[PDB]
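In the form deposited in one PDB entry, a lone chain appears below as C-alpha cells.
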C-alpha cells in the first residue's frame, strides 16, 4: 500500500514530512546503521575491517543499539510497495543509502534513490516525481576514500609509536594539512622585518581648503627611503619646494557584488564577518538546511536555478527598484548555498538560535546582493609636483550604492591643473614589513581548496581532525604548529615523500572523482594506491642506516 521513505535524521524527517502525501511513510534511520570497526597480518585486517591483500574485502557491522532499529525498518519494508532512499546528495549520502538497501534486503526494483538540494514543497515534488537509481560508482568512490584513509591511519601510526612516541596518529590528508601549517610556522619564525619610510604632506588649495598628499616619486623613481637620514634629507628638500597640481584625472568606477556562497567561501565569510569557526558554521548550516531554510551546505558550485533567480529578481524589484535590477540575471561559474525562500527573513526563523539566524542573514544578504546592479563611484586622482618630487592624493565619491544597499549602512578638495598649493607641514613615518599571516580554520580551508586538496564534504572534518592530536593548535582563532607537529612532519616528508606531496594529494581527489564518474574502477585505484604506499612504508621501517625513518633520539657526547 503505502511507500517507505528513509532519511538519516529526525529533523530531516519532520521537514520532509511536510511535503510528502498520505501514501508516504517517513522514517529516520537515526545514524549510520552499519560501518567499519571502532604480506598480510590477520591482526591488522580485523582492526581495519578492510583487507588490502584479499582484494579489499570489507567487514561492516551494525552499530551499537542500532540492531532494534534495523528490525523496525525491515517491518516497515514488508508492508510497503516501494522504498525511497532520501539521504543527502553527496557521496557519503549515496553510501549511507547503499548500507540501508543492503541491510533491509529485497529486490533492487523495490528501491529508489531520490535527490534534492533543498527541502521544499516544489523540490520534494520533482524529487519523487522523477526518482532515480542508487549510483554504485558514487558508492565505490566513497568507500575507496574511506579505505585508503583507514590504511594510512592504522598502518602508519604503529610505525610512529615505535619510532617517535606512543599514541601518535597519521592521516592521509590530515598530515598534508598539518604540513601547510608547519611551513607557515617556519616562515614566520624565520622572517626578518624590514624598515622603510613614507612621507606625507599637508597643503592648502588656493581657496584655502586642506589637501593631504603622500610622496610617491623623487627623480621620477619610486620614493622608498630605508632609514632616518634618507628621509630627513628628502624632507628638507620638500620643505623648500614649490607645490603645484601637475595633473588631475576623474574616472567613474564600480564594484560588483560577490558570487553566491559555497562551502569554502561560506566558512571564510562566517569566520571573517561573524567570528564563527568551521565546525560552528557547518553545524548551523546543516541545521538550517535540514529545517528547510537553505540549500545543501556541501557544494563547490556557484550556480543558481531559474526559479531561484526569478524569485530573487522579483524581491529586488518590489523592495528596491528598477535601478537595482540588472537587465539580465547575473550568471556565475548542484546549487550554491542560498535561502530556500527569499521572502523568509532571518527574524522569521523558528527552531533556530541567534547565531544560526546570523548565518542565515549572511547567506541571504550575499544571495540577494549577487543579483543586484553594481555600485557606481566617481574616483579622483590628483598628482602634485614639487621640485624633483611627485606626490599623490586619492579620493572617491559614491554615486549609486547598487548592491551595497542590502548591506549595513556605513573627499578631495576642488583644484584645477596648474594650481598652486601651500605647504603647511611635513610628516615622516617609519614602518616595517610584516611576516606572513597565520592560518585561520577558514583560511586553511581556503588554502586547501586553492591547492585542490579537500572537498566540500571533508573540509570541516580535516580541520577538526588535525586538532587535539598534539600537532597543531588553535590559539586566538589562529593556528600554531607544535614541535611534535614539526617532528612528525619532517619524518613523513623524508620517508613518505609521495604521500606528503601536495600535487599527488590533489591528484588522488581527481582520482576519486574518476571512480564516481565511471572513468576508473575503485579496486584498481585502491591497488595502485596500496602499491605506492607499501613501498614507502617498507623502507620507512628499515633502520635509519639503511634509509629508514629517523628515531626521535639525541645520542650522548660519547
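So that the term is clear: the rigid core is the largest set of C-alpha atoms that superpose within 1.5 Å between two forms. Positions refer to the first chain, counted from 1.
Note that the form deposited in another entry isn't included here; everything after this is about it.
Student: Quick check on the comparison between the shown form and the other one: with the core aligned, only one of 122, 430, 317, 253 should show a Cα shift of at least 2 Å. Which one is it?
Tutor: By this measure, the answer is 430.
Student: Rigid core fitted, is the C-alpha displacement of residue 105 between the shown form and the other one 2 Å or more?
Tutor: No: residue 105 shifts by under 2 Å between the shown form and the other one.
Student: Taking the rigid core as the reference frame, tell me whether residue 344 has a CA displacement of 2 angstroms or more between the shown form and the other one.
Tutor: Result for residue 344: no, shift under 2 Å.
Student: Is residue 476 displaced by at least 2 Å at its C-alpha between the shown form and the other one when the rigid core is overlaid?
Tutor: Moves: yes, 2 Å or greater.
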